[PDB]
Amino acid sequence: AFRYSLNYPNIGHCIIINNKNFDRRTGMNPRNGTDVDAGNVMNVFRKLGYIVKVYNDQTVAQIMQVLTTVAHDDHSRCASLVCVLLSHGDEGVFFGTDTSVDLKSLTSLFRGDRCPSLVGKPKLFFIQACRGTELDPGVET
């Protein structure tokens, strides 16, 4: 089969982690306009059939609770899983409202030996966050 099957009752869930306001004494400026990102995404995936839930201003621990709970649910009836991550970041790390966490720690919750009911099914992460401080100057064609 060349195509992931859509022969499931539900195309699946869409979890949006939307981080706007951060712990002040970390020095992270608010992410103004992240609310339009989250509403735009929610509407896109809602109209495609996904069941969308939005989690605003989650700490690292809270993100893990959210995604650990999703990973332990039953997805027998779901064709896929979507996860949109909107926050600050650095190289390899995603920022809660409190501090950073390794992205590998978020994504590995859905690994095939840990998330059985999503085995063989597309698991789709979209990650809006910085990955460092380098800036791309561009080049004229």
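The numbering used is simple: start at 1 and walk along the sequence shown.
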- 12-20 versus 122-130 - greater average Cα B-factor per the deposited record: 12-20
- Mean B factor on CA atoms, stretches 82-90 and 28-36, record says higher is 28-36
- Message: For the chain shown, is the CA B-factor of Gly96 in the lowest, middle or highest third of its modelled residues?
- Response: lowest
- Item | Third of the chain's Cα B-factor distribution that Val52 belongs to, per the entry | highest
- Please rank the C-alpha B-factors of the chain's modelled residues and tell me whether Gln65 sits in the lowest, middle or highest third. middle
- Item | Where the record places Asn43 (Cα B-factor, split into thirds across the chain) | lowest
